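Colleague: Chains as they are written, first to last, in the deposited numbering: chain F, 132 to 267; chain A, 25 to 131.
Have a look at the structure that comes next, please.
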Ligand SMILES: Nc1ncnc2c1ncn2[C@@H]1O[C@H](COP(=O)(O)OP(=O)(O)O)[C@@H](O)[C@H]1O
């Protein structure tokens, strides 16, 4: 359909959002999320969207590159576990974000973590969010 | 069994160049407190240490730490010979290098 009036018109309404050629952004609506990849802009690489700015949208959808999915689980996709999220983040920040440091210091990092709770409480969700947001 | 032949023992202080003996043990070999003493080990090894007087130790036993025993290739309770040599003099230059197996990751 007319994706323009469906998504982009509310997205750029009254907001002077800077836009760079080649990037991607996510628009949430219609009980789903849509990724839009910017193709071109008049002012070289970066520009500011204005009410008088023309927005061209005609064309076939682009093919996904090596860039990761923007709908994957993150720290914002988990709720009510702030203390446990902080504990897991402080337990896994050193071995994951700074791995080679543990070849130097010689201190053994934590290895085994057991999450327990009622079924459906979100253990797999927390694990996936931690893995994705640390690049592991 | 000459008086300069003793049995090693584990020490309380973990200094790598300190050996504790009872004063009566040192009296038989003219050893004085704070002197420099040579010790002969096994498999043609030997070390040099300094001496401290401790009354808790006994005459047959001599107290050392793990590093000295590893250098001497001996174990706890073994028999060693202790000699004295005043030729140990102040040195001008000593060249020391670390072991590759332990310095991994630190530069
Ligand atoms: N704390 C939470 N916040 C948001 N969604 C949750 C939470 N806990 C569970 N869910 C939802 O439940 C669904 C499945 O739960 P799951 O993690 O598989 O259960 P379990 O932790 O028993 O394996 C997930 O799709 C997730 O969206």
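Note that beta-carbon positions come from the ideal geometry of N, C-alpha and C, so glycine has one too.
Can you list, in chain order, the residues of its chain whose CB lies under 8 angstroms from that of residue 265/F, leaving out five sequence neighbours each side?
Modeller: Here the set comprises 223, 224, 227 and 228.
Colleague: Report the rounded CA-to-CA distance for residue 245/F versus residue 37/A, giving the unit in angstroms.
Modeller: Looking at the two C-alpha atoms, the distance is approximately 42 angstroms.
Colleague: List the endpoints of the continuous beta strand (DSSP E) containing residue 26/A.
Modeller: First-last for residue 26/A: undefined, no H or E at that position.
Colleague: Please list, in chain order, the chain F residues whose beta carbon lies closer than 7 angstroms to that of residue 130/A.
Modeller: By Cβ distance, chain F contributes 235.
Colleague: So, for residue 74/A: in the same chain, excluding its five sequence neighbours on each side, which residues have a beta-carbon less than 8 angstroms away from its beta-carbon?
Modeller: Within the same chain, residue 74/A has close Cβ partners 41, 42, 43, 58, 59, 60 and 61.
Colleague: In whole angstroms, what separates the C-alpha of residue 97/A from that of residue 67/A?
Modeller: Using only the alpha carbons, I get a separation of about 7 angstroms.
Colleague: Are there three or more Cβ pairs, one per stretch, closer than 8 angstroms when the region 163-172 of chain F is compared with the region 132-151 of chain F?
Modeller: Touching, per the Cβ criterion.
Colleague: Taking 7 angstroms as the cut-off, does the CB of residue 252/F come closer than this to any heavy atom belonging to ligand 1?
Modeller: At least one heavy atom of ligand 1 is nearer than 7 angstroms to the Cβ of residue 252/F, so yes.
Colleague: Which stretch, first to last residue, makes up the alpha helix (DSSP H) that contains residue 254/F?
Modeller: 254-264 is the span of the alpha helix (DSSP H), which, as asked, contains residue 254/F.
Colleague: How is the beta strand (DSSP E) around residue 42/A delimited, first residue to last?
Modeller: It spans 42-45 - the beta strand (DSSP E) in which residue 42/A sits, taken as one unbroken run.
Colleague: Using only the alpha-carbon positions, how far apart do residue 241/F and residue 263/F sit?
Modeller: Their Cα atoms are separated by approximately 19 angstroms.
Colleague: Smallest Cα separation from residue 132/F: which of 199/F, 143/F, 191/F and 267/F?
Modeller: Checking every option, the nearest Cα to that of residue 132/F belongs to 191/F.
Colleague: Roughly how far, in whole angstroms, is the beta-carbon of residue 188/F from the beta-carbon of residue 134/F, given that I think they are within contact range, below 8 angstroms?
Modeller: Rounded, the Cβ-Cβ distance is 7 angstroms, consistent with contact.
Colleague: How would you call residue 201/F, buried or exposed, if buried means at least 16 neighbouring beta carbons within 10 angstroms?
Modeller: With fewer than 16 other Cβ atoms within 10 Å, it is exposed.
Colleague: Would you mind reading off the limits of the alpha helix (DSSP H) that contains residue 231/F?
Modeller: Segment: none, residue 231/F is in no alpha helix (DSSP H) and carries neither H nor E.
Colleague: Comparing the CB of residue 245/F with every heavy atom of ligand 1, is any distance shorter than 7 angstroms?
Modeller: Residue 245/F: no, Cβ never under 7 angstroms from ligand 1.
Colleague: Check whether the Cβ of residue 261/F sits closer than 7 angstroms to any heavy atom of ligand 1, and report yes or no.
Modeller: Not so, every heavy atom of ligand 1 lies at least 7 angstroms from the Cβ.
Colleague: Quick check on the DSSP output: the beta strand (DSSP E) that includes residue 87/A runs from which residue to which?
Modeller: Here the beta strand (DSSP E) through residue 87/A covers 85-88.
Colleague: Going by Cα to Cα distance, which pick from 95/A, 85/A and 108/A is closest to residue 30/A?
Modeller: Ranking the options by Cα distance to residue 30/A, first place goes to 85/A.
Colleague: So the beta strand (DSSP E) residue 104/A belongs to, where does it begin and stop?
Modeller: That run of the beta strand (DSSP E) goes 103-108.
Colleague: Tell me whether the beta-carbon of residue 81/A lies closer than 8 angstroms to the beta-carbon of residue 119/A.
Modeller: Going by C-beta atoms, residue 81/A is not nearer than 8 angstroms to residue 119/A.
Colleague: Scan the region 150-182 of chain F and note each continuous beta strand (DSSP E) run of 3 residues or more that stays entirely inside, going in chain order.
Modeller: For the region 150-182 of chain F, whole beta strand (DSSP E) runs of length 3 or above, ordered along the chain, are 155-160, 163-168 and 177-179.
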